[PDB]
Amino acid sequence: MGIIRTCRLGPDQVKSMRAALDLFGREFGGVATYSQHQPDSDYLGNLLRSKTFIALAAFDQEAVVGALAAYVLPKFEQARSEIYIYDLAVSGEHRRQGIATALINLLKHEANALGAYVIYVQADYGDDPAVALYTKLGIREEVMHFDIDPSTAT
């Protein structure tokens, strides 16, 4: 065991996508957010069918032990793409084994296939594993982010 295989999920792999989401739940400690109100199978299908969403999964045999959810941003200034890693998680029982790194690597192959010139991801202050991983793999910038409630539309 410990034969890890990485792939980009298609619309035929809703079962594996749901397992990625539970992984996300367990590992982000948001079991409710990620497992208890999942979309219907059509919704996931439509995600997985799309050219601008990428779901990557790592399998130790049958179980999903790593996943990565990204979005492709076709840019408007020029005919070029950027990729935005939204979420990335490896099973606690499978860390420091290169799975995250391999999913990013896989992601780079998808990017190359798409002609996307860059991939980016955001990390939180204190998320030290994530910060190390992306610092090893990327160029860091510190920035601000703001949420806005659309409720207040006038």
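All residue numbers are counted from 1 along the displayed sequence.
Novice: Once you work out the mean C-alpha B-factor for both 97-105 and 26-34 from the entry, which is higher?
Specialist: Result: 26-34.
Novice: Higher average CA B factor in the deposited record is what I'm after, so tell me if that's 11-19 or 129-137.
Specialist: Looking at the record's C-alpha B-factors, the answer is 129-137.
Novice: Among 58, 47, 119, 123, single out the one with the highest C-alpha B factor in the record, please.
Specialist: Among 58, 47, 119, 123, the PDB entry lists the largest C-alpha B-factor for 123.
Novice: Report the option among 87, 42, 62, 110 whose CA atom has the maximum B-factor in the deposited record.
Specialist: Across 87, 42, 62, 110, the entry lists the biggest C-alpha B-factor for 62.
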